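One chain comes next, on its own, written out as structure tokens in the form deposited in one PDB entry.
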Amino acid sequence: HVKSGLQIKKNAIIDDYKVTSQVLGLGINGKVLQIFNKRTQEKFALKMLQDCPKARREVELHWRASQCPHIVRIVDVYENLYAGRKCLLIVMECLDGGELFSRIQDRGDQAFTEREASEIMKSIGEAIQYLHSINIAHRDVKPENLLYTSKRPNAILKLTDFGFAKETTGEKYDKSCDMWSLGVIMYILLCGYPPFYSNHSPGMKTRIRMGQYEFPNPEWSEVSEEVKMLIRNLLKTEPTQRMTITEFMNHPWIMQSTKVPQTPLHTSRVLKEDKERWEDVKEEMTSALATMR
């Protein structure tokens, strides 16, 4: 089966979409902005990149991935002049529902089940499975890059931000770092904190002491050994021994999310207790990923 290649349009974007240029001001800094199609009136999102080799690759790899339903769609790409600089203006579907874990943390009943975690992990695994099956590694799978279509409870989770994405060759282990990311996200979904040692952070709990067993008791006591084994496989130190996306998506815990117990988890309640640490969680995931990609 044959798919079209990426046509980068050269006409000014404002022929096609309403923007106005105090909106564009905040854009070249990095913020995704809201814009409207003129013909259709549908809302979209706009990312502004400086045109270089690397931005070109990001947009290329992302375009190949767009038709995955667990990956944010590229609608159009423009090569325009903005300010003194040549820019890639990328038009995408708007994802208005916020980040994955924000939703979980803000729940009013502080209730979250193993089954829900499984359902979410299936969504993320589908996007990764698509990428790895066309020899792309994302290499920046992390909380801020997983976003919901809308605020509503049945919104679709989607993967964004191809700024670190890369073509691979199989004999390669570039894909390994995506599998580690899955293990980390899964771990947080099940307990509310990452599987990170720290030498930290007052008026707060230390969730995992250095060198301590990785599944501590208050939060992990009702979680099966089967699930802990799936996590050890995803987090395995050596990339040569780390679980692949094929093994992950073929695991019963993922394949049969419907049959997963509705075990009540500490996740939402822990995300709230520890919300002052969330910035540091993300910061540590970002640093780890940079040593691991």
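Heads up, when I say rigid core I mean the largest set of C-alphas that superpose within 1.5 Å between the two forms. One rule holds for the numbers: they count along the sequence shown, beginning at 1.
There is another form of this protein, the form solved in complex with a small molecule, and it is not shown here; the text below is about that form.
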{"property": "The small molecule contact at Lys47 in the deposited complex, heavy atom, 4.5 Å", "result": "yes"}
{"property": "Contact label in the deposited complex: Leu95 to the small molecule, heavy atom within 4.5 Å", "result": "yes"}
{"property": "Partner proximity in the deposited complex: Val270 to the small molecule, non-hydrogen atom cutoff 4.5 Å", "result": "no"}
{"property": "Partner proximity in the deposited complex: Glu114 to the small molecule, non-hydrogen atom cutoff 4.5 Å", "result": "no"}
{"property": "One residue of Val32, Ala55, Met249, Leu235 in contact with the small molecule, assessed in the deposited complex (non-hydrogen atom, 4.5 angstroms)", "result": "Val32"}
{"property": "Answer option from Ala127, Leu147, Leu88, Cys177, heavy atom within 4.5 Å of the small molecule in the deposited complex", "result": "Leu147"}
{"property": "Option from 235-243, 22-30, 257-265, 222-230 whose residues, in the deposited complex, bring a heavy atom within 4.5 Å of the small molecule", "result": "22-30"}
{"property": "Residue showing a 2 Å-or-more C-alpha displacement between this form and the one not shown once the rigid core is overlaid, selected from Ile28, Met249, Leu235, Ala55", "result": "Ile28"}
{"property": "Rigid core superposition, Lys259 Cα moves 2 angstroms or more between this form and the one not shown", "result": "no"}
{"property": "Core-aligned C-alpha movement of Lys158 between this form and the one not shown, 2 Å or more", "result": "no"}
{"property": "Threshold 2 Å Cα movement between this form and the one not shown for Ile208, core superposed", "result": "yes"}
{"property": "Sense of CA distance change between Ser102 and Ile208 in the deposited complex, threshold 3 Å", "result": "farther"}
{"property": "CA-CA separation of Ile208 and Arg115, closer or farther in the deposited complex than in the form shown [shift of 3 angstroms or more]", "result": "farther"}
